[PDB]
Amino acid sequence: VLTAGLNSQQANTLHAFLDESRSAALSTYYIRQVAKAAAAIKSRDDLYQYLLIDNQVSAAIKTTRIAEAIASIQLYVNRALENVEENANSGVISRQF
Amino acid sequence: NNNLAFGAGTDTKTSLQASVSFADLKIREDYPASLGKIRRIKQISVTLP
Amino acid sequence: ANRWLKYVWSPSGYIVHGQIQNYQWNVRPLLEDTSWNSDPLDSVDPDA
Amino acid sequence: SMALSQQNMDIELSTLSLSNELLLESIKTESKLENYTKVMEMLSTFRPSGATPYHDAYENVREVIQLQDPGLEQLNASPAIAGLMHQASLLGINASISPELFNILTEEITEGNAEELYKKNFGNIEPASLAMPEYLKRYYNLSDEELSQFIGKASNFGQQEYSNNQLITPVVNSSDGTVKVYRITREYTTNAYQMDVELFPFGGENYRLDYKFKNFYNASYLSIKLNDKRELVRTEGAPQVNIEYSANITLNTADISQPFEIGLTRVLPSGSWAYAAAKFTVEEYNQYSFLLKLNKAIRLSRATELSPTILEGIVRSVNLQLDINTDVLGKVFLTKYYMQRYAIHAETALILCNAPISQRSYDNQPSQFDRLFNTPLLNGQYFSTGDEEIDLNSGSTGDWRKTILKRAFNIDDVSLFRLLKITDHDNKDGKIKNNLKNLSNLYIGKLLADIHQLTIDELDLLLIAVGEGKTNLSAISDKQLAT
Amino acid sequence: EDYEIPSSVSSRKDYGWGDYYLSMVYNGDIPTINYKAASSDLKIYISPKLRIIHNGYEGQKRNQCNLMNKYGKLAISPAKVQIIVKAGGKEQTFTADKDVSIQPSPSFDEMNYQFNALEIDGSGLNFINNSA
Amino acid sequence: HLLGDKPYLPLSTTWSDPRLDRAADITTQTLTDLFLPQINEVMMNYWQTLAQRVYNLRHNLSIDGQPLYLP
């Protein structure tokens, strides 16, 4: 009810605030309660590296669902190629792509 | 380093000196740090109304 | 540049004769002696 | 499963919101919840085990109502509605305290439940790791520098607590950065009734050895000794009754890991002596490493944006030390209200909560008392010790301390006298009673004059106009003062 | 040589109860598995959780535990808490007092010895039709 | 990742104000070492540097902190 009374110019600052606060909260929960042990996530920085998405960005950054699907994959690939990831498949890495 | 005084030379005792510390002008603070750290004087001109 | 640094140090380790090694430092004197000297060398050359 | 539709390409979304969708789905999936609404209302809202029990609806309300510039003054502007809510609701909005955090803060810490509450507020985290700064900065998302402010979680930093014949306090390793909790036990063995003793750590093996007399003996000197052999404290002359004395001594693990006694020998001019002693032991205990009190200090500080350097004074000055409850929060919320409502210092806001101006100095800063009365050290100092009953009437005189009082309240003698009447309308006499209570109340009448455009004479004209005439600050409750 | 080794295992092949049936090893897990392969070498890292429960044998023995556990406090010697690993033809033994950084508080409901990483020599691992 | 956590480096506030003849404590053929080291900002700057670079990516700024509006 209260949210409903805002101008879009204000709703936008509301969202920026809520989105940044919420993510910190959800991120922390994830790390402590639902993250898997095998992925040794200790902080939000690792959470980024695992889920391939940055949860510490400001709300000012805009994107698209596809732009995030690309990028999140590119990160995955880059870490595979740089041997950050432990065991990428030998027959896949050699592919021309 | 921000004062007025007469000189203490041998031919400057009757000269009037004024001084200013660059550190107290706070020039650096006029622009954000992110623009660069090396901030050096190019030229100085003097106006004496 | 990466490859050449690995001749001195590889955080991921090295393989020798197919064996997985237990060290990162490939320069014997850097691998050995993992403590700081308590007494610095009294010199002017940082290389000494 | 993402569709390659046009709408996933040409619609700009914020980042974070996409991340929140991902985490909410992962979170909803775990624990099998029906919707994101459950993830938020149940799981995130009531999960104290982690950095925070995040309440989304609370923040949704709080942020928008704060976007509404009045800061809830618009509700106060309309008493018929403001009066439908406990003042706490309004205060609980101006401070970032969600209902779950409120309940956490308001529950009192019961030592018999130190483990029981630990398991409520923390998951299965052994204190062994929880207690380390490496873990703490992570658990709480604090700067490692802030962890140094969160030090001394004891009843005091100076004269600490004692109960059931012991002391429970943290001791800091100054170069390691770690802190461990120790229990110092004190049993009486000799004539403690003539003279007492207390031992407080201040670093590892570093102790403040305090003593006190109940009965005067004409000692030529006093010698306090470890196991009656190693001198710890040397005091010359006959020591006095009801005077607290102290010294910094060293007691190593060889001296403190086993039970030991500290002798208190009052050596007379004759070869005889009178003595008192207590048996002490100092041990490190996992049994006390719960620091639930810290969990609160951290959460409260971030909800209030009151760094420990201001906050400890706020909570310790208004209630029993080593705990937090509803009453404490009341003062915290009220302090913030005034700080938020007027362009004033947080200490000013505390005083307006019917708090005294403290004589204690700390953290490389002057005591509150000194800030008001000795900063203007007019060739001597004012002490509020009941002695300097300076004549403060209009046509009155005194030494520089009178001048200090004039200066302290920035008013002349006529107004200074009136200000005494403002505090106490029965104090029509020619004096200051010279204690913190009335000085603090003089300061309050002045503060009411600083927060509103009033002169001292006007403070009374208004009270009369309102019907608050002849209010004694010397007898005003904090509730009445806020009112 | 691509090696497909799961990154986590939580299933059992076998299990059992203690001598007096007043306890058993709790159905625990190997929450993390990592590895490095090389021509003619292999290292597998097992980072197990050994959970002990004072769960007695079903029947009067479980009931004795229920009382043993509810009416007192824990005993278990961490030096003898251990994991035995056999890769093909080679064996290694690890203990909780060496390979666990924090020992669990004594209790009877559950103790969990969380191991850091056991380094396993996989060069002795014998494959049949590429299965080992 | 390579740097790991920034270390905590507490500063000492203790000094004995020793006399010079005593201060001249030497080696041959309550700290043992009367004087203390400084922080080594060159190394500390690696965290400060990365922190800013990351900050900028997170806040949509360019390499020097300037705003940018990329498509």
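Residues numbered from 1 in each chain as written, not as in the entry; some residues may be left out. Chains lettered and ligands numbered in written order. Part of a larger assembly, values for the part shown. Heavy atoms only, no water.

Looking at the entry header, you'll see cryo-EM listed as the method and 3.4 Å as the resolution.

Per the PDB entry, chain E goes by TcdA1 and derives from Photorhabdus luminescens. This deposition appears in the PDB under the title "Structure of Photorhabdus luminescens Tc holotoxin pore".

The name given to chain B in the PDB entry is TcdA1, with the source organism recorded as Photorhabdus luminescens.

With that settled, consider the nonpolar core. All names here are of chain D. Residues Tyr-338, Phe-373, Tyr-382, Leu-405, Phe-409, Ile-432 and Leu-439 are the most contacted members of the largest nonpolar core, which totals 61 residues. Considering each element in turn, this core owes the most residues, eight residues, to helix α19 (residues 436–451). When sequence neighbours within four positions are dropped, the list of residues in contact with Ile-432 reads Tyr-382, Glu-388, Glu-389, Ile-390, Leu-392, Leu-405, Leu-420, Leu-439 and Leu-442. Judged by nonpolar contacts, the second largest core, of 27 residues, contains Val-197, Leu-222, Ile-262 and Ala-276. (Core = buried A, V, L, I, M, F, W, Y, C linked by side-chain atoms within 4.5 Å. Buried < 20%, exposed > 50% of the residue type's maximum accessible area, 1.4 Å probe, protein only. Helix = DSSP H or I, 4+ residues; strand = E, 2+ residues; numbered from the N terminus. Contact = heavy atoms within 4.5 Å.)

How two aromatic rings sit relative to each other is set out by the distance from centre to centre and by the angle between their planes. Residues and elements named next belong to chain D. Using the criterion set out here, one finds 24 aromatic pairs over all chains in the structure. Following the ring pairs from residue to residue traces out a cluster consisting of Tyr-118, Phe-122, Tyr-135, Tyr-139, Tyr-140 and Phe-290. Its end group placed over the ring of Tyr-285, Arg-183 keeps NZ or CZ at 4.2 Å from the ring centre. (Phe/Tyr/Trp six-rings, centres within 6.5 Å; stacked < 30°, edge-to-face > 60°. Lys NZ or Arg CZ within 6 Å of the ring centre and 35° of its normal.)

A few words on the packing of helix α1 (residues 17–29) of chain D against helix α2 (residues 36–44) of chain D. Residue and element names in this part refer to chain D. Here α1 crosses α2 at 75°, and the two axes come no closer than 9 Å. Between α1 and α2, the angle falls in the class roughly perpendicular. Here α1 contributes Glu-21, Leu-24, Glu-25, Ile-27 and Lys-28 to the contact with α2, which in turn contributes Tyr-36, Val-39, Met-40 and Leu-43. Residue composition of the contact of α1 with α2, grouped by class: six nonpolar, no polar and three charged. (Axes fitted to C-alpha atoms, helices over the stretch in contact; angles between N-to-C directions. Parallel < 35°, antiparallel > 145°, perpendicular 65-115°, else oblique. Nonpolar A, V, L, I, M, F, W, Y, C, P; charged D, E, K, R; others polar.)

Okay, the environment of C:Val8 next. Within the secondary structure, C:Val8 sits in the loop between α1 (2–5) and β1 (15–16). Considering only alpha carbons, one finds C:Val8 and C:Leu41, 33 residues apart in sequence, at a separation of 24 Å.

Here we take up a nonpolar patch on the surface. Residue and element names in this part refer to chain B. Together, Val-20, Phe-22, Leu-25, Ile-27, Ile-41, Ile-44, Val-46 and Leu-48 line one region of the surface with nonpolar side chains, adding up to about 890 Å² of accessible area. Assignment of secondary structure puts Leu-48 in the segment after β2 (16–18). Residue classification places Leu-48 among the exposed residues on the basis of a relative accessible area of 75%. (Patch = residues over 30% accessible without salt bridge, like charges linked within 9 Å, V, L, I, M, F, W, Y side chains within 5 Å. Areas by Shrake-Rupley, 256 points an atom, 1.4 Å probe, with all protein chains shown as cover. Salt bridge = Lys/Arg side-chain N within 4 Å of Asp/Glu carboxyl O.)

Moving on to the sheet that holds strand β5 (residues 206–213) of chain D. Residue and element names in this part refer to chain D. One open sheet holds the three strands; their spatial order is β4-β5-β8, and the pairing between them is antiparallel. Only two strands of the sheet have a single partner each, and these edge strands are β4 (195–203) and β8 (244–250). When strand polarity is set aside, the average angle formed by the axes of neighbouring strands in this sheet is 25°. Bridge count for β5 against β8 is seven bridges, and the pairing is antiparallel. Looking at the pairing, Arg-208 lines up with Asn-248 of β8. (Pairing = 2+ DSSP bridges.)

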